Structures are given as structure tokens and as C-alpha cells.
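One structure is given below, encoded as C-alpha cells.
Every chain is numbered from 1 and lettered A, B, ... according to where its sequence line falls, protein lines coming before strand lines. Reckoned from all heavy atoms, side chains included, excluding hydrogens, waters and symmetry mates.
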There are 2 protein chains.
Amino acid sequence: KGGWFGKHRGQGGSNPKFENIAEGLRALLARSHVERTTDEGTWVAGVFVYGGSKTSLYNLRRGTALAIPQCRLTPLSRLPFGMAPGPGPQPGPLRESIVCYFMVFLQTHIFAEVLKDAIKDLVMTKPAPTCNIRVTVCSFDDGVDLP
Amino acid sequence: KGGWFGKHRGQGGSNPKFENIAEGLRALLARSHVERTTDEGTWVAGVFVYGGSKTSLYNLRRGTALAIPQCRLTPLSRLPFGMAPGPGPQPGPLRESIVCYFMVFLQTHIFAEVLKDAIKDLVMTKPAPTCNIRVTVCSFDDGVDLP
DNA sequence: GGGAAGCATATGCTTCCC
DNA sequence: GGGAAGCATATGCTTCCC
């Protein structure tokens, strides 16, 4: 258990655990066959996913990759803190919490709203920490030119 | 040169290098003296910064921290690839590039729009790779509940 | 101020346990 | 399908180069 297997960052493949999550997402995405890709091929919309636990978000990230060939995903990363309570001292902009997040890039705003409804639906019937994963649609004013 | 200096992730302080960057950002933001915080204190918008090179983005990130105590910053992370041209297969949603990004969370959409302009203005006068840094405003439909 | 060094420690990945 | 182990290699952070 543990160690190196020869698979680098971003090289994760599929296994039954991730595929089960993918099949759950696919059944949910299938409630709305909306357009996922455009002629322009621009990444103008997204979905910001955060919370739950490190493993529950990681697992969601892996399953989404299998469920949607048309999206592009970031590695997991960390969120900074919000507003501290009171007229007291605020945390510095750079301070990081233990809470993770990841971003999903999509070509349409309509598909982004669908993915977001799928993730919230898939997670609402699960026990903590999974049920505590949060999601929001993100509109990029100028789009993101992914390399 | 190199090694441990007792400063953990998110603990960066200030030094003339980052203060110099901060001062340039400050002078630009001062022409547009808008509100940076709301009373509901919710994080509803952001500035998605990317490209350039790992160091120039990092330095911009540290300077932004000093210039804006009212914002919040994620660590640097990596961007997936985009669309391949042609009828063939596309890269997997998880594949990562060497290209970095970071996100600035803000309380108002007006201030994100102003912050974006200032960053584009700061960077456009400089040599490569810094002038290659890209910026876009991000609107969070349901906001982001920072820890 | 961009780039490199280099410790501490972050995630990406897999396989195993429950 | 959540949590952990544990190698490889990511960034955070500094000081020094230049």
C-alpha cells in the first residue's frame, strides 16, 4: 500500500470507484441534453467546487473527468479564509485554510448550470462529508485561454 | 541560498521586491477609489490571473497581497490544456500543463472590474514573460463561502 | 524584478481496508 | 466510496544572483 506506480500528475485513469461516481453524474447530466461545446471553442464558463473533505472532492474531480470528456479540470488546491468576525483583526490575503476546491472549465454557460445542478443533486443524498461539498457557476468575462 | 526559513504556506511577509509591485498596483487603484468591501461581507466576484511564468505570477500574487488587504488569495496552481485542432481525440480533462494561475476573491463586482484593469495596465509596459500575464473577471453566481 | 536553490510540506496517483 | 499509505513531484517561502 502506497508508493510510486508510474502515474504522474494529471495522468489518472479510470477504476470502478471513480466510474461509479461518473455513472451517477452521467445519469444526472442526462436530465438535460444541452449543448456542451461551441464553434468558437472558447472556455467562457465554469463551475467552482469546494468543501466536503480532501478525499470526497478529489473523488468527485476524478468522476467528473470520466463523466464529461468536454470539460477541463484543475488540480485540487486550497481556499483562503473569509471575513473574521468583528472590528478585530482580519487574516492576511495569503493565509490558507485546509479547505480544498477545484475548477471545471466549460464552453457554454448553459452546460455549466446543468453540471452544477447535477453535482448538488448527486451529493445531497450522501452522508457527511460528501453532502457538505459546495458548488457555484462561474462566468468568465473574457474567457480563459487554456494552453 | 535555499532551504528552510521558518515561513509556512500562506505566511509570506513583505520585502522591497513585493512592496515595489504593491506600490505600482496601489497607484493605479487610487485613480479608481471604489468600495472594496460590502456589509454582507460575501465573496461574489474574483479576478482569475494566469500565464507569464511561475515566478512573475508568484511575484504579482505577493504584491497584490500587500496592496489589497481586502482581497483573498489562493496559492498558485496549474491549468489544464484546451482544445486540440482537428477531428481527432482531445486531451483528457485531468491533463495538466506547466502554466500557472491564481484567483483573487473580492466582495464587489465593481472592485474586481477595477482590479482587473489595473493588473492589465501594470503588466503591459513590461518585458516578457511578465507582459504575457493574462487576467479575466470571474462572477460567482452563488458566491463562494470562504472558510 | 525574473530566475535558481533548497527545506518543509502540499497534491496526484495507486492499492488496500472498511 | 471515504480515509490512509507513501513515492514522485508540485508550490510556499526565503536569500542570492544579476
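Checking B/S14 against B/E19 by side-chain atom types alone, a donor-acceptor pair falls below 3.5 Å. Side-chain contact annotation: B/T37 with B/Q70, donor-acceptor N/O pair under 3.5 Å absent.
Taking 4.0 angstrom as the limit, B/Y58 places none of its side-chain polar atoms (N or O) nearer than this to OP1 or OP2 of D/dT11.
In terms of position along DNA chain D, the nucleotide closest to A/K126 lies nearer the 5' end than the nucleotide closest to the other residue of the pair A/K126 and B/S77. Of the two residues contacting DNA chain C, namely B/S56 and B/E96, the nearest-nucleotide position lying further toward the 5' end is that of B/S56.
At least one donor-acceptor pair under 3.5 Å links the side chain of B/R72 to the backbone N or O of A/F81.
Residue-level contact check: B/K54 touches the bases, meaning some heavy atom is under 4.0 Å from a base atom. Across all strands, B/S53 comes closer than 4.0 Å only to sugar-phosphate atoms, never to a base (heavy-atom distances). Counting non-hydrogen atoms under 4.0 angstrom, B/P129 reaches the backbone sugars and phosphates but no base. Among the atoms of the strands shown, none is found under 4.0 Å from any heavy atom of B/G6. Here A/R61 lies in heavy-atom contact (under 4.0 Å) with sugar-phosphate atoms only. At a threshold of 4.0 angstrom between heavy atoms, the contacts of A/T130 are confined to the sugar-phosphate backbone, with no base atom among them.
For B/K17 and C/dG3, a side-chain-to-base donor-acceptor distance below 3.5 Å is present, hydrogens and geometry of angles not being considered.
The side chain of B/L76 approaches D/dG12 more closely than any other nucleotide in the set D/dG12, D/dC13, C/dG2. Residue A/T55 places its side chain closer to D/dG2 than to any other of C/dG12, D/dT14, D/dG2. Side-chain proximity of A/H8 to the nucleotides D/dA8, D/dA4, D/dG2 is greatest for D/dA8. Listed nucleotides C/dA8, C/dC13, C/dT11 differ in distance to B/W4; the shortest reach to its side chain belongs to C/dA8. For A/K1, the side-chain atoms get nearest to D/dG3 when compared with the rest of D/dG3, D/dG2, C/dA10.
Residue B/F18 contributes atom CZ, which lies 9 Å from atom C1' of C/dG1 at whole-angstrom precision. The distance between atom CD of A/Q11 and atom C1' of D/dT9, rounded to the nearest whole Å, is 12 Å. Across the protein-nucleic acid pair, A/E19 atom CD and C/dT14 atom P stand 14 Å apart, rounded to whole Å. Atom CG of B/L57 and atom P of C/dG3 are 11 Å apart (whole Å). A straight line from OH of A/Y50 to P of C/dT11 spans 18 Å, rounded to a whole angstrom. Protein atom CZ of B/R78 is 13 Å distant from nucleotide atom P of C/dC13, rounded to whole Å. The separation between A/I98 atom CD1 and D/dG12 atom P is 15 Å, rounded to whole Å. If you take CZ of B/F5 and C1' of C/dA4, they are 12 Å apart, rounded to a whole angstrom.
Nucleotide D/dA10 carries a north sugar; the sign of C1'-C2'-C3'-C4' is positive. North puckering is assigned to the sugar ring of D/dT14, since its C1'-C2'-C3'-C4' angle is above zero.
Taking a pair to require two hydrogen-bonding distances under 3.5 Å in either a Watson-Crick or a G-U wobble arrangement, D/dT15 pairs with C/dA4. In a base pair of the Watson-Crick type (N1 to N3 plus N6-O4 or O6-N4) or a G-U wobble (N1-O2 and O6-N3), with each distance short of 3.5 Å, D/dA10 is matched with C/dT9.
No option in B/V114, B/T38, B/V34 other than B/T38 meets the side-chain contact (heavy atoms from CB on, under 4.5 Å) test with B/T108.
Residues A/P89 and A/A84 approach most closely at O-CB, 3.8 Å, considering heavy atoms.
Relative ring orientation between A/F140 and B/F48 is described as perpendicular, the plane-to-plane angle rising above 60° on a 0-90° scale split at 30° and 60°.
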